[PDB]
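K.L.:
Next input, structure requested:
(chains A and B)
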Amino acid sequence: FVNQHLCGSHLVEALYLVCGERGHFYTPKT
Amino acid sequence: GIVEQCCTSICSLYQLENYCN
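P.N.:
Numbers count the residues shown, from 1 in each chain, chains lettered A, B, ... in the order given. Here you go:
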């Protein structure tokens, strides 16, 4: 990841990297 | 919200994550 200014499509892209990829990527057992 | 955190000035993964709620 990069800490920077983010807006519009760049902000939607960041939300995919932090949260959206983790929506379909695997989650192991606790 | 998230635009007032990241568009105006620098935000980071560990805090921008919080807005996916």
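
K.L.:
Could you tell me which residues of chain B lie near chain A?
P.N.:
B:2-3, B:6-13, B:16-17, B:19-20 (C-beta under 8 Å from any C-beta of the partner chain). C-beta coordinates here come from the backbone N, C-alpha and C atoms, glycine included.

K.L.:
most neighbours, which of the residues you listed?
P.N.:
Per-residue neighbour counts (other C-beta atoms under 10 Å in any protein chain shown) across the residues of chain B next to chain A peak at residue B:6, which has 23 neighbours.

K.L.:
That one touches residue A:7, doesn't it?
P.N.:
Yes - counting by C-beta atoms under 8 Å, residue B:6 touches residue A:7, with 6.8 Å between them.

K.L.:
Which residue ranges of the chain form helices?
P.N.:
No chain specified, so I'll use chain A. A:9-15 (DSSP state H).

K.L.:
look at chain B instead
P.N.:
According to DSSP H, the helices that chain B contains are B:3-6, B:13-16.

K.L.:
Mind checking those helices for the one nearest to residue A:15?
P.N.:
In terms of C-beta to C-beta, the element of the helices of chain B nearest to residue A:15 is helix B:13-16, at 7.4 Å.

K.L.:
quick one: contacts for residue A:24?
P.N.:
Applying C-beta atoms under 8 Å, 6 or more residues apart in numbering or on different chains to residue A:24 gives no contacts.

K.L.:
What separation do you get for it and chain B?
P.N.:
14 Å (C-beta to the nearest C-beta, to the nearest Å).

K.L.:
got the residues of chain A near chain B?
P.N.:
Contact residues, chain A versus chain B (C-beta under 8 Å from any C-beta): A:1, A:3, A:4, A:5, A:6, A:7, A:11, A:14, A:15, A:17, A:18, A:19.
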